[PDB]
Amino acid sequence: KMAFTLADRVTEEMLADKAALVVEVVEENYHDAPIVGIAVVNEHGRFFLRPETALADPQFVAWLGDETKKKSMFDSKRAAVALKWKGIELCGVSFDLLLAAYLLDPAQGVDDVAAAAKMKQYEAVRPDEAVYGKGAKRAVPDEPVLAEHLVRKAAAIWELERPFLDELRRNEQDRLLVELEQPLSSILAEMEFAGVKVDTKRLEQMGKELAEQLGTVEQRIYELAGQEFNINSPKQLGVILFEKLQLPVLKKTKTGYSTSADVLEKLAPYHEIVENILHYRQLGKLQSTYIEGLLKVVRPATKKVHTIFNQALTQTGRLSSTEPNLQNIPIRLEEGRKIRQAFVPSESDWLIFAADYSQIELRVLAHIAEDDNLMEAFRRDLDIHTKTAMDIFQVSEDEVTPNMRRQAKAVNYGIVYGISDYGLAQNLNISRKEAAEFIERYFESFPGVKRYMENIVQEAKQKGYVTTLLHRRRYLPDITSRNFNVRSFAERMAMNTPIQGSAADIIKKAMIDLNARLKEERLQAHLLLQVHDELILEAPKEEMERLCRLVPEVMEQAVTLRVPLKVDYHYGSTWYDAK
DNA sequence: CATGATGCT
DNA sequence: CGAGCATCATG
Ligand SMILES: Cc1cn([C@H]2C[C@H](O)[C@@H](COP(=O)(O)OP(=O)(O)OP(=O)(O)O)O2)c(=O)[nH]c1=O
Ligand SMILES: OC[C@H]1O[C@@](CO)(O[C@H]2O[C@H](CO)[C@@H](O)[C@H](O)[C@H]2O)[C@@H](O)[C@@H]1O
């Protein structure tokens, strides 16, 4: 039983200076999506409004946009962006229950009010799936059922704010919410709604050229196999490789024969079909994901793509990007990297500006490990891969080969992920004995890294969780498991999550500090994309010289560690050219 | 919906 | 038997 007014006009008592507010968008992708209902709960009552009415009401719209009128919400960014598509500004969000729940425990996967409510045993609200249905059954119910659901969501947010802020304070996460995550949500909403302009003619032309070149490679594969088959089917490719061609079976997957990139590398000495298959797959990814996917989702009249940054998903505090994912555009191979030529500035006489932290996770490892050898390399800006090579191969600087540096780089990032000697041997295609020596030599060279790995596992066992620089937490109950595989994966999380997560906290703080400085100076430059350790902007060409100073300095100053942060930056006419 | 491939940080 | 992700075609 919950009393509410199904209102047919806006009243002053709905425009209080503290309220919980629901602006319901049912479509998972909320860009230009319908708003299906509005609810407001405040000290005066509980109200459902039809959006045709509220959003055409001058005083409701002014209330939405008034910073001083404070709103508690769940997934404020989804409402902010859906309102921006309706030309309505939402301001004054002072509590976001989605981000509060995420900070309390990202492993709960909270993605609706009822899941956040479960954290406090609050039962007076149903799950969105119970009301809307799943999958093909998804639908807005009849008004009275809809209005009840949205009012119970707003009433849950109203009641839950205090309990969640108190727990956040106990976990030292109250500033993490209010000074970091909530202001970042507003920034992301602006980046998503601005979108990134795409040169669809270039994409369509690359799609033409790739369709030709896939057909060439496909045919050569069939020639070498002496049979036509589905190169993307594991069953069919495994029959050709391992039964027709009689190659050795190096690894199995749960359902058959592995054809992983590392397996295929090991098979390449046996048959020329193996290099061709690796090539086809690379081309197939460019066509199926990047070319065909971007062209599907670009808005044709503006040529913009509008991704969604999920702020409340990863276990370490990173963002993720979806529909489309703009954080995995190709770079490594030149064929794919040219996709970046299609990412252009949204106005004439504008340029793309890309700035990236240089080796942030290795700098963070040096800070948190307090390892004297490591921190000195960064404090003196010495090439850390060369430094590691000189240690794992034991040679002077001049004796380090191109190949030695490659191996030492693999060791340096491997350590950050908890690599075993087995993994290092597979990655490098070298003797496991040798791999083990490399790791042993690393820990002898960087003994504070070894101490940190022992100490953080112990801390996880004693406290039940590990933390990052700005006090994000990840719980690791498997750290005590009797199963070797389960325990070992938890220990690698304990080692890695403070690294990866503290790097995520640093670039999020940079984004907030950068947006402040751009606004201070009244620059037209603004953020387009974040790619984990990089920020991509666009700006009038005339703003370039200012951004060359301002962007790296804000990024580098975002926090102060036991080593410097270092930012590299590039600009040009397309994202490809910003190298 | 699951699988195992690809892409990025 | 190296951390965190999204996407695709196929099963
Ligand atoms: C190899 C590797 C790179 N990266 C990321 C970090 C960098 O932002 C990005 C590009 O890596 P690189 O530029 O290849 O690495 P680096 O900056 O250490 O190398 P170099 O000294 O040779 O210039 O990829 C990972 O996150 N994990 C990895 O295992
Ligand atoms: O709105 C982003 C925000 O919503 C959640 C659900 O609370 O995720 C939904 O929307 C995403 C963006 O389209 C989808 O990818 C996802 O499938 C859907 O559940 C939160 O996870 C997210 O932070």
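Heavy-atom basis, side chains included; hydrogens, waters and symmetry copies ignored. A, B, ... follow the sequence lines: proteins, then strands. Residue 1 opens every chain.
Across all strands shown, A:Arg474 has heavy atoms under 4.0 Å from sugar-phosphate atoms exclusively, and none from any base. Within 4.0 Å (heavy atoms only), A:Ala261 reaches sugar-phosphate atoms of the nucleic acid but no base atom. Across all strands, A:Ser321 comes closer than 4.0 Å only to sugar-phosphate atoms, never to a base (heavy-atom distances). When heavy atoms are screened at a 4.0 angstrom cut-off, A:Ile415 is found touching no nucleic acid atom at all. When heavy atoms are screened at a 4.0 angstrom cut-off, A:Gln426 is found touching no nucleic acid atom at all. Counting non-hydrogen atoms under 4.0 angstrom, A:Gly414 reaches a base of the nucleic acid. Contact annotation for A:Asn230: backbone-only contact, meaning every heavy-atom pair under 4.0 Å involves sugar-phosphate atoms and none involves a base.
Note that A:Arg473 lies in the cation-pi zone of A:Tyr465, set by a 6.0 Å cut-off to the ring centre and a 45° limit from the axis. Taking the ring axis of A:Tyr576 as reference, the NZ or CZ atom of A:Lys579 stays within 45° of it and closer than 6.0 Å to the ring centre.
The phosphate of C:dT10 has neither OP1 nor OP2 within less than 4.0 Å of any side-chain N or O from A:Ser233. Taking side-chain N and O atoms only, A:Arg281 has a distance below 4.0 Å to OP1 or OP2 of B:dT6. Considering only side-chain N and O atoms, A:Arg332 lies under 4.0 angstrom from the phosphate OP1 or OP2 of B:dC8. In this model, the phosphate group of B:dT3 is not approached by any side-chain N or O of A:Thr255 to a distance below 4.0 Å at OP1 or OP2. A close approach under 4.0 Å does not occur between any side-chain nitrogen or oxygen of A:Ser260 and OP1 or OP2 of B:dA5. Proximity of A:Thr259 to the phosphate of B:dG4: no side-chain N or O atom is located under 4.0 Å from OP1 or OP2. At C:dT7, none of the side-chain N or O atoms of A:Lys285 fall inside 4.0 Å of OP1 or OP2 (strictly under the cut-off).
Taking atom CH2 of residue A:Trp575 and atom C1' of nucleotide B:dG7, one finds them 12 Å apart after rounding to whole Å. As a whole-Å value, the separation of A:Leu264 CG from B:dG4 P is 15 Å. Rounding to whole angstrom units, CG of residue A:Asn328 and P of B:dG7 are separated by 10 Å. In this structure, the CG atom of A:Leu286 is 13 Å from the P atom of C:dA9, given to the nearest Å. Rounded to whole Å, the distance from NE2 on A:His279 to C1' on B:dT6 is 14 Å. The interatomic distance linking A:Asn429 (CG) with C:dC1 (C1') rounds to 15 Å, in whole Å.
Dense packing is recorded around NZ of A:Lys244, with more than 12 heavy atoms of other residues, nucleotides or ligands lying under 6.0 Å away.
For the pair A:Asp112 (side chain) and A:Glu129 (backbone), a donor-acceptor distance under 3.5 Å is absent.
Ranked by how close their nearest DNA chain C nucleotide is to the 5' end, A:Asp262 and A:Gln315 are led by A:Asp262. In terms of position on DNA chain C, the residue among A:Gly423 and A:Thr322 whose nearest nucleotide sits closer to the 5' end is A:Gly423.
Between atom OH of residue A:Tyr357 and atom CD1 of residue A:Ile506 there is a gap of 6.5 Å, rounded to the nearest 0.5 Å.
Taking the side chain of A:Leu278 as heavy atoms from C-beta on, and the options C:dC5, B:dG7, B:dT6, the nearest nucleotide is B:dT6.
A heavy atom closer than 4.0 Å to some atom of DNA chain C occurs in A:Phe489, A:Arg492, A:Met493, these being the qualifying members of residues 477-494 of chain A.
Ring-plane geometry between A:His306 and A:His31 is classed as tilted, the angle between the planes lying from 30 to 60 degrees on a 0 to 90 degree scale.
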